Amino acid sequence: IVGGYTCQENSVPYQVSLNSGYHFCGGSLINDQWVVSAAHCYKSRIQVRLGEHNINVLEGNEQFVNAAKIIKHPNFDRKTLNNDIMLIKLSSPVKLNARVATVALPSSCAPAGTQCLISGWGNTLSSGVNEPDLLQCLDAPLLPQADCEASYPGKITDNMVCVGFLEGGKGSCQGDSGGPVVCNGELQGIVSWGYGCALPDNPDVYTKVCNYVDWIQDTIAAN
């Protein structure tokens, strides 16, 4: 998160860190045993860390669970990043409480102009690398599809939505993929891609989660 603020501790209780030795992507808890994230964050051993605020200090509040099943969407396309979403089934259910909780899946697709909160431990600078210790947060709006298409001509499918500021200065960055974009208390997007970080006329584009609610629901059911 370039240009954001430190989240108040344990205010984003559904935020998880996918870890393989080091933090490499974020995710969201949607019930006791499943995590949703981006398909490009696939690895074969993933450990999910819940209740984290400072990713580098053992704080006493955390739950560490290994990923038992990792299921990407059947039509994820590694070149266009169309359908970039995957589900992770934890090896055991977590214990839900004040700082580890669930986020609601969408009731419908949020319209343009809705304010969203994006959070993550991704890089905080546009030039250079600086990995925060503490979870960062960002309040940003969903853009009109036209503005989104005009910024990335020919590359936006019906499964993508842009959030941000065409002036640049703020935006998600490397290490934030998989993370939550929550608008009106519902998970509307998953951090996926953009050119650079917080560059003018290159906003953030996210997987449009409202198009996947029956897929998620049916996949939990079948396994």
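Numbers for residues come from their place in the sequence shown, where the first is 1.
Asker: Give the stretch, out of 66-74 and 47-55, with the larger mean C-alpha temperature factor in the deposited entry.
Answerer: Stretch with the greater average CA B-factor: 66-74.
Asker: Return whichever of 5-13 and 201-209 has the greater mean Cα B factor according to the PDB record.
Answerer: Higher mean C-alpha B-factor in the PDB entry: 5-13.
Asker: Highest Cα temperature factor in the entry, among the options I118, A101, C109, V129: which one is it?
Answerer: Across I118, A101, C109, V129, the entry lists the biggest C-alpha B-factor for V129.
Asker: Among the candidates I85, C148, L142, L135, give the one with the maximum CA B-factor reported in the record.
Answerer: In the PDB entry, the greatest C-alpha B-factor among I85, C148, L142, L135 is found at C148.
Asker: Taking only the Cα B-factors deposited for this chain, tell me whether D176 sits in the lowest, middle or highest third.
Answerer: Lowest third, going by the recorded CA B-factors of the chain.
Asker: What third of the chain does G27 rank in for C-alpha temperature factor, lowest, middle or highest?
Answerer: Its C-alpha B-factor, which the entry lists for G27, ranks in the lowest third among residues of this chain.
Asker: Consider only the C-alpha atoms of the modelled residues in this chain, order them by B-factor as the entry records it, and name the third containing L125: lowest, middle or highest.
Answerer: Highest third - that is where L125 ends up once the chain's C-alpha B-factors are sorted.
Asker: Compared with the other modelled residues in the chain, in which third is the CA B-factor of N184?
Answerer: Its C-alpha B-factor belongs to the highest third of this chain's values.
Asker: Compared with the other modelled residues in the chain, in which third is the CA B-factor of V94?
Answerer: It falls in the top third of the chain.
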